[PDB]
Every structure is written in C-alpha cells, then in structure tokens.
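Novice: Residue numbers (our numbering), protein chains in the order written: chain A, 56 to 103; chain B, 136 to 184.
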Amino acid sequence: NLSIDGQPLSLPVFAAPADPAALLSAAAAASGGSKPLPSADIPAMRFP
Amino acid sequence: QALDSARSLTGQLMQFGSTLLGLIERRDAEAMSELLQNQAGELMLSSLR
Numbered sequence: 056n057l058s059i060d061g062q063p064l065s066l067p068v069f070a071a072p073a074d075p076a077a078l079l080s081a082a083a084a085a086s087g088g089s090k091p092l093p094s095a096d097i098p099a100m101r102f103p
Numbered sequence: 136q137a138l139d140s141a142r143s144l145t146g147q148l149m150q151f152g153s154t155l156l157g158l159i160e161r162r163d164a165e166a167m168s169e170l171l172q173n174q175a176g177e178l179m180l181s182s183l184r
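1) Using three-state DSSP, classify residue 57 (chain A) as helix, strand or coil.
2) Taking the straight line between their C-alpha atoms, what separation do you get for residue 97 (chain A) and residue 140 (chain B)?
3) Would you verify that the beta carbon of residue 75 (chain A) is, or is not, closer than 7 Å to some beta carbon of chain B?
4) In terms of residues, what are the limits of the alpha helix (DSSP H) holding residue 161 (chain B)?
5) Beta carbon of residue 64 (chain A), beta carbon of residue 58 (chain A): below 7 Å?
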C-alpha cells in the first residue's frame, strides 16, 4: 500500500508504552514472645 | 516519713513523665519521617512517569 516513492500510505503502528510499575516492598510487624518470670525465694531482708 | 515515701514515688512519676513525653514525640518523629518517605515514593512515580 505504498506510494510511487515507496513511502507508506498507511498510518504507522503506534503502541502505547507501559506505565512504569509502582515499586512495592515487604513490610512486616516484628514478632516476639514475652519472658517468663524467674523462680521466687524468700530473701534475707524484710520487705521494706 | 509518709512525706518522704510520697516524694520518692512522685520523683519516679516525674521520671515516667519525662520518658513518656520523649517516647511520644519520638514516635511522632518516626511517623513523620515515614510519611515523608511514602510521599517521596509516590512523587518519584510521577517524576519517572
């Protein structure tokens, strides 16, 4: 479908480019258990 | 002596108050510093675009 000079009479194939992706990384909550209390014992000193 | 016992606990309460104000303002600093970064990311998106 060219002209007498070989130039195309049709409109070229345009192609919408891709939108650059939005970067996304992993975000996680820190997890950890408490610590159990040590064994108890009556000391040498009174309470105060 | 009751006065001294209460004054000791009030000193400890003041220490808690100082540390609590520190932690509050520090958490609000981290929240802002993260807000700024999220904004910078969704702004570099338009810059690349």
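Using N, Cα and C, we set each Cβ at its ideal position, and we do this for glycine too.
Specialist: Reading from the atomic positions:
1) Translated into the one-based positions of the first sequence, residue 57 (chain A) becomes position 2. Residue 57 (chain A): strand per DSSP, three-state reduction.
2) For the purposes of this step, residue 97 (chain A) is taken as the residue at position 42 of the first sequence. For the purposes of this step, residue 140 (chain B) is taken as the residue at position 5 of the second sequence. Approximately 24 Å between the Cα atoms of the pair.
3) Looking up residue 75 (chain A) in the first sequence gives position 20. Output row for residue 75 (chain A): interface = yes.
4) One-based indexing of the second sequence puts residue 161 (chain B) at position 26. Start and end: 137-183.
5) Position 9 of the first sequence, counted from the start, is the residue given in the question as residue 64 (chain A). Position 3 of the first sequence, counted from the start, is the residue given in the question as residue 58 (chain A). Yes. Within cutoff.
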